[PDB]
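Down below is the structure, laid out as structure tokens.
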Amino acid sequence: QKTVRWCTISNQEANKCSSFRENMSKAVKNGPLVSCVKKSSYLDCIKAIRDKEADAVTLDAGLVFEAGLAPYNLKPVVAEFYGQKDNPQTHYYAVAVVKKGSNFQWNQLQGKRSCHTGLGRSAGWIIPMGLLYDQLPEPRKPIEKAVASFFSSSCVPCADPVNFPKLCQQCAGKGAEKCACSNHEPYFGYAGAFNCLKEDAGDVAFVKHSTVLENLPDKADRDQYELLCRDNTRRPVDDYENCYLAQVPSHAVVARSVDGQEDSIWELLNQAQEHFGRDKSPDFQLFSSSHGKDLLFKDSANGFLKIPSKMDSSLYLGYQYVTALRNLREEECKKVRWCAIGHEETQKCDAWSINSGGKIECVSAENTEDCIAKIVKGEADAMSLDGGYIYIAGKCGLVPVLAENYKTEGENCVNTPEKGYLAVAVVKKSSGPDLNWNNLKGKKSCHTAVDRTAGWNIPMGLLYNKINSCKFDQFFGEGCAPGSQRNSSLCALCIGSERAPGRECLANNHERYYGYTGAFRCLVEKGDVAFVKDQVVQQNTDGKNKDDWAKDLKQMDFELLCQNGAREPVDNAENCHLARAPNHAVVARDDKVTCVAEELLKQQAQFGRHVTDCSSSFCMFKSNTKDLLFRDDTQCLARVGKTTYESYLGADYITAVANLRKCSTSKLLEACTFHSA
Ligand SMILES: *[C@@H]1O[C@H](CO)[C@@H](O)[C@H](O)[C@H]1NC(C)=O
Ligand SMILES: [Fe+3]
Ligand SMILES: [Fe+3]
């Protein structure tokens, strides 16, 4: 019924696509149909997809980046994987292949002849040229001109043969097909570049790690070839793991960002790998063809993986690679951009910005995950996170910069490491003794949010060990666990916002039961147990909180549930808690750690706890509502040195969280753990 229109770039690809079509028709009765649209290069395909004349094409990651730019706006939806299906690799190695006895090293490439897969491609172009950049003769813009003056001549398929003739000089295509961006140029692609070297049109080929073994005959003339290593030595072709230029992400199928039919694309490809995958059929091979190498998909792929929905091109490629790509394409610690979540945090941020004289700038997002993603992508620089989210951010590659401290007051606060706060379970003293730790089934729970330390990871981790199931919403009766599935019973007690409707169960300040205070309010108004930090009761009772719901509460009206079944007063969490919680911390990308840390230590020297008059001046650690930007009981931000999320959080906490990985519903976590190695 549904049709996926695949874009081909050559007569050879068109031949394979016709057989893909015919074979899928026969093998799959109801699965999407395939039809083929024949263009003459990947760039014509990207445009055909944008204009809705086609739906899909497979691209080297370097070109995924170009497809993801305006005005094309395509996104990667399915990735090739290499290697064994039980340990799929979503990267491959770029290498430089030379013939034995040619006697030159990496540092002597000047004046040689080069064979490239194609302009703008990972192994063929982006990686080798990024490495050689500093040796190219200036001016290096555009890069083509500099490359044409560095190598004596080359074959770079897809280069403009009119403006850069030397880049197309060693290519082998006839007439108008010379230097073509397709299999009509014999030296196009991995196979082509290798043939370029083989036939002595070039002295070096920039290809991938499987290229030589894939393209050499029945037996091994393989001893005739070697690899150029970056330490200026040469190694055998099967020793690429010790002689590669870089590791690069998989070729991926791309599609329209809006109305891209990706559902259809995955359904097609998934069924196709089942019937016509590696060694699956004599009638048709997805990853092979008698008409050529790497047609439609690479011959070294062994299947497909669906790309998570939150992985856009930036996330798929990774920030380092996007920066190298950006570097070759366009031809400081002045400020810290904070990521604020929602309106109240944005207003506190704005105030900070003004008071700081612009050293702090403010970027907004509607939830924690969107903030973390902005930081990873370079749209923001820092925010403070609960341990549960540090874990997620750490998987996405962010690093802890400074810790919030809660126990140490005064001048030594910044230099004192704290062990952590405590995750506890708080109940009303008035609840009968049947309410205890071993009898929570069917009870009404209040949680700070899904994926936070005290609110979720610690308690739900403990419970998972008992019930051996991720269906928490079938264990508890009804609760408020912000961030849960909207029609779950774990959203049923949530009350959203007083001003705007439809905000129930959101994991942000629109939800009145969100956060430490929030969950304590949930306990007071509706729940039986709150999963929260120690001290939340003391901080919101006996008059410290003046809001209607809290003004008459007393500390003595609450108790803690201990794991042995007993109950203790709230002043005794040290002997009645669920586990230690790592202190919340400011995270940043590895390139900004120093900058973020140094400026914040200066911010707090001006705006920290010692400010006796908050109003005339700004107070970083006090908040109009609750835990705006930092926890309200934060005494200072403290140095953590050079550490990683794993050592910051501790093996005990890492163990607990990883224990729950099967139950995770975080879309960010799913995107940040997609890639191998
Ligand atoms: C609840 O919502 C989801 C969509 O987000 C839907 O898939 C599910 O089947 C709905 N019904 C149930 C079983 O609660
Ligand atoms: Fe590639
Ligand atoms: Fe916390």
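FYI, residue positions are counted from 1 along the chain as it appears here.
According to its header, this structure was worked out by X-ray crystallography, 2.2 Å.
Every residue gets a Cβ built from N, Cα and C, even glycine.
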From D55, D60, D283, the one annotated by Swiss-Prot with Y92, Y190, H251 for Fe(3+) 1:
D60
With the disulphide bonds as Swiss-Prot has them, who is the partner of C672, out of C371, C396, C413?
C396
Which ones, of the recorded positions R21, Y421, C446, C522, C576, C595, have a Cα no more than 10 Å from the Cα of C494 (disulfide bond)?
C446, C522
Taking every protein chain in this structure into account, which of the disulfide-bonded residues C333, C371, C491 has the most other Cβ atoms within 10 Å of its Cβ?
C371
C636 (disulfide bond) versus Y516 (Fe(3+) 2 binding site) - Cα distance in angstrom
19
For the stretch where 8 residues weren't modelled, take the C-alpha of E331 and of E332 and tell me their separation in angstrom, rounded to whole.
20
In three-state DSSP terms, the structure that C562 (disulfide bond) belongs to:
coil
In whole Å, note down how far the CA of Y421 (Fe(3+) 2 binding site) lies from the CA of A123 (hydrogencarbonate 1 binding site).
48
